[PDB]
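What follows is one chain in structure tokens, specifically the form deposited in one PDB entry.
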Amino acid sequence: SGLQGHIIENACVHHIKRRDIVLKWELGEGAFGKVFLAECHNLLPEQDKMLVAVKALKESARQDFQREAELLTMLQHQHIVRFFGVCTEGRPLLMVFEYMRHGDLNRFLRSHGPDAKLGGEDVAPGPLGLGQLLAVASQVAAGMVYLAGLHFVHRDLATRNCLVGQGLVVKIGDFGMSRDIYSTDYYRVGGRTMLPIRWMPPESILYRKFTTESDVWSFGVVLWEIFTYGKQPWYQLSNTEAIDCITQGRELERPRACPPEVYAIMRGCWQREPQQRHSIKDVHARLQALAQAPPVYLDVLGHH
């Protein structure tokens, strides 16, 4: 449950008046609640009014909301979805986040991939270029560095759990609806429990262990998703065949658009032994340089 997992190991929360939040329309809905585009007044200076994404809590779940909001208030970084605070006067209780114009990273990758149907404000016509793909991956890594820095275990790192804003700014974050919107990205064990198996290392599938290291493995899989324009990992396999391949040491193939150097960052996250796995700091440091490298050096990395 991500935020919940960090709470089960271990207020500065900003409050917003209901009259300062004006609900416009729904963006999505699930089981834990729904998301609305809203207009927020007197939130930030030199703006007066601004657009935000509002999570409306759908029982003794009100206490959960408060600790989640406390955790979200602490979790502030350039590549973590900005949390503005809560509205606790009257029901439904709301969490207020920034509005991310391009939506989740998976949706954005596929819409700028070779399988997209078809204007070009933040990015060029046709599929994303190498430079665009690298900057994307680096921001996700930066965000994961801040999380390993604060010693936070995500448990569900995937491009569907990242968001894209104006000027191609990518941040880790979701509104708790991935299980409803991307149900095929989870394996239903029984009753309620749904696991993102295609993104999980052998110790999370086999031993049910979740760490900072199972999170670097997921990043490796996120790196693969970036270079395949949001394709589902092990798409050719059923849930049981995918569990089998992961537990039997199989590695995901090198994507077409992926340079051997980027594939080496991936393979480093995919070491069977959690200890052997490369730290997120170095995975990020390796990606920052690859992203901020001259086009002369970049063009020699991408062939054909």
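One-based numbering along the sequence shown. Basically, rigid core = biggest C-alpha set you can superpose within 1.5 Å across the two forms.
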(Q) Once everything is fitted on the core, do the CA positions of 271 to 279 or those of 25 to 33 lie farther from the shown form in 9 other deposited structures of this protein? (A) 25 to 33
Q.
If the other structures are each fit on the rigid core, which stretch ends up farther away in C-alpha terms in 9 other deposited structures of this protein, 240 to 248 or 62 to 70?
A. 62 to 70
Q. At least a third of the other compared entries: do they leave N161 without coordinates?
A. no
Q) Any chance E9 is unbuilt in a third or more of the other entries we compared? A) yes
Q.
I want to verify a possible break: how many residues of the deposited sequence sit between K34 and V35 without any coordinates (none, 1 to 3, 4 to 9, 10 or more)?
A. none
Q: Taking the mean of the C-alpha B-factors per stretch from the entry, tell me the winner out of 143 to 151 and 172 to 180.
A: 143 to 151
Q: Name the higher of the two by mean Cα B-factor in the PDB entry, 75 to 83 versus 228 to 236.
A: 75 to 83
**Q.** Residue of maximum C-alpha B factor among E29, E68, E39, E253, per deposited coordinates
**A.** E29
Q.
Per the entry's Cα B factor values, which of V216, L118, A135, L93 stands out as the maximum?
A. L118
Q | Cα B factor band for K24 (lowest, middle or highest third within the chain) | A | lowest
Q.
Please say which third, lowest, middle or highest, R107 falls into when its CA temperature factor is compared across its chain.
A. lowest
(Q) Among the modelled residues of this chain, does the Cα B factor of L130 put it in the lowest, middle or highest third? (A) highest
Q | Assigned third (lowest, middle, highest) for the C-alpha B factor of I205 | A | middle
(Q) Please place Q166 in the lowest, middle or highest third of its chain according to the CA B-factor in the PDB entry. (A) middle
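Not pictured, yet referred to below: the form solved in complex with a small molecule.
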**Q.** Partner contact for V35 in the deposited bound form: the small molecule, 4.5 angstroms, heavy atom
**A.** yes
Q: Give a yes or no for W224: in the deposited bound form, does one of its heavy atoms lie within 4.5 Å of a heavy atom belonging to the small molecule?
A: no
(Q) At 4.5 Å between heavy atoms, is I243 in contact with the small molecule in the deposited bound form? (A) no
Q | the small molecule contact in the deposited bound form: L109, any heavy atom under 4.5 Å | A | no
Q) For this chain shown on its own, do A137, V262 and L287 all sit within 4.5 Å of the small molecule in the deposited bound form, going by heavy atoms? A) no
Q: Could you check which residue among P274, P255, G28, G268 gets a heavy atom within 4.5 Å of the small molecule in the deposited bound form?
A: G28
Q | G129, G103, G113, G85 - the one with a heavy atom within 4.5 Å of the small molecule in the deposited bound form | A | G103
Q | Segment that reaches the small molecule in the deposited bound form - one of 216 to 224, 203 to 211, 129 to 137, 95 to 103, heavy atoms within 4.5 Å | A | 95 to 103
